[PDB]
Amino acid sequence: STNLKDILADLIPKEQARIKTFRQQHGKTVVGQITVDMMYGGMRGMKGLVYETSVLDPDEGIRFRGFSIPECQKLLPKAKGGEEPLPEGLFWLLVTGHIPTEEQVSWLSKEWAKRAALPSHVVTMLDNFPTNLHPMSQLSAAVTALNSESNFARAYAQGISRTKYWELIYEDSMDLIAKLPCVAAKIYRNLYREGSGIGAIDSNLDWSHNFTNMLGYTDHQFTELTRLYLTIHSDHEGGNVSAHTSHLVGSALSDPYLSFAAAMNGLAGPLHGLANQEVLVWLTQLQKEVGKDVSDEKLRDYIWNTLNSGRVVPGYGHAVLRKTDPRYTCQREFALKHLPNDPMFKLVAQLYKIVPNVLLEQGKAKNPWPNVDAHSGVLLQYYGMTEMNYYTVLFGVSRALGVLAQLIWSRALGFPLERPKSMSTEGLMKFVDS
């Protein structure tokens, strides 16, 4: 009823049988071609993997189990006295494919509060970490060290049946998610608050409220933003570096902790998790080379010169998207509500007007419209979250929801080891010549 585990237990056999049938019939159906260019181009356009939780039509944006961001904003349960969707309900949707009732989201909130205790070696390790070790390295090192708690690793060693793998994965995942705000808040304070304590988990609050409590924020609006941020960053298909990494590491039957740890090292890379910071630093240098309240034409020039300099306009474009990312739109709406008269936000909203006009004239874009990262950093800066390095930790906490939801299903459906074939250049050349 409210026990996610029994609900999942009921869904899984339906889904096994539905895939078994599908593979019997259409297993040998060709869905795409592989070229030389795709092999050297990082599997671009290559249909690589099955990923159930979410799907990104390049035209209309991410869909969580068929539901768009707007639909989730409406249907997903909210906090009492709040407007933004709770991450809890997102997670439930990703795991069950069903919109949760208020009671199930409350149940889940209690489960995650109850599983939030950190083992002392992990506390100790975060507290001894130096201030020059980046937040994302700290997050990953600590999640890896939490695998001491892994049910799944201990059970695998003792020869547990394949049919039961997903149960241990689920427990481990519920444990990880529950703990992530503690880990992340402990990093936040140790770096940016002279190592002050994270305080206590309130058993009756939602995941995002305990998190902001542990971060030291009391602004109700920052808690609403967090709930909106953690929902919308939760998943973005299987092919993004962090989801693919966790999928790949998961398939060797590495436990959730190690799987997720690997995903964060993926997310720590510039071309994945840093665009947020890359946009903010530019917006700051923009308002420091053109000044505030500038002119739409003065702006049009800055954009032109930037592209003539051969530099990118950060936050505009996507690997696969070809339109305004709904996660951008999502954030704009929240800005229009709670901080419409913010210098930086007006600038962002100004750049929405100009930037999609160039790039398409430049001819080089395909996607001239903005992505999520164009809009996230000014919301975070607005509420006093100014430490840019830390931003990707927030992304990572969010992305746990997506990839762990899917990891449960990957194990439920017995997905095997990911292991493609590679070729050398010299080997490719001989192969094409035959």
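For clarity, a rigid core is taken as the largest C-alpha set superposing within 1.5 Å between two forms. We number the residues from 1 along the sequence you see.
Enquirer: State which stretch is farther from the displayed form on average in 7 other deposited structures of this protein, 55 to 63 or 37 to 45, counting RMS CA distance after fitting on the rigid core.
Expert: Result of the core-fitted comparison in 7 other deposited structures of this protein: 55 to 63 deviates more.
Enquirer: If you line up the core and then measure how far each C-alpha sits from this form in 7 other deposited structures of this protein, which stretch comes out higher, 284 to 292 or 226 to 234?
Expert: It is 284 to 292 that deviates more in 7 other deposited structures of this protein.
Enquirer: Which is higher on average in the deposited entry, the C-alpha temperature factors of 293 to 301 or of 313 to 321?
Expert: According to the entry, 293 to 301 carries the higher average C-alpha B-factor.
Enquirer: Report the stretch with the higher mean CA temperature factor, choosing between 407 to 415 and 422 to 430 on the basis of the entry.
Expert: Result of the comparison: 422 to 430.
Enquirer: In this PDB entry, which of 397, 365, 31, 36 has the top CA B-factor?
Expert: The record points to 365.
Enquirer: Looking at 266, 356, 77, 238, which has the biggest Cα B factor in the entry?
Expert: So the option with the highest C-alpha B-factor is 356.
Enquirer: Comparing residue 389 with the other modelled residues of its chain, is its CA B-factor in the lowest, middle or highest third?
Expert: Middle third by C-alpha B-factor.
Enquirer: Divide the modelled residues of the chain into thirds by Cα B-factor and specify which third, lowest, middle or highest, holds residue 345.
Expert: Residue 345: CA B-factor falls in the highest third of its chain.
Enquirer: Name the third of the chain's ranked CA B-factors that contains residue 338, choosing lowest, middle or highest.
Expert: Its C-alpha B-factor belongs to the highest third of this chain's values.
Enquirer: State the tercile, meaning the lowest, middle or highest third, of residue 352 with respect to the CA B-factors recorded for its chain.
Expert: As the PDB entry reports it, the C-alpha B-factor of residue 352 lands in the highest third of its chain.
Enquirer: Looking at the C-alpha B-factor of residue 131, is it in the lowest, middle or highest third of its chain?
Expert: Middle third of the chain for residue 131's C-alpha B-factor.
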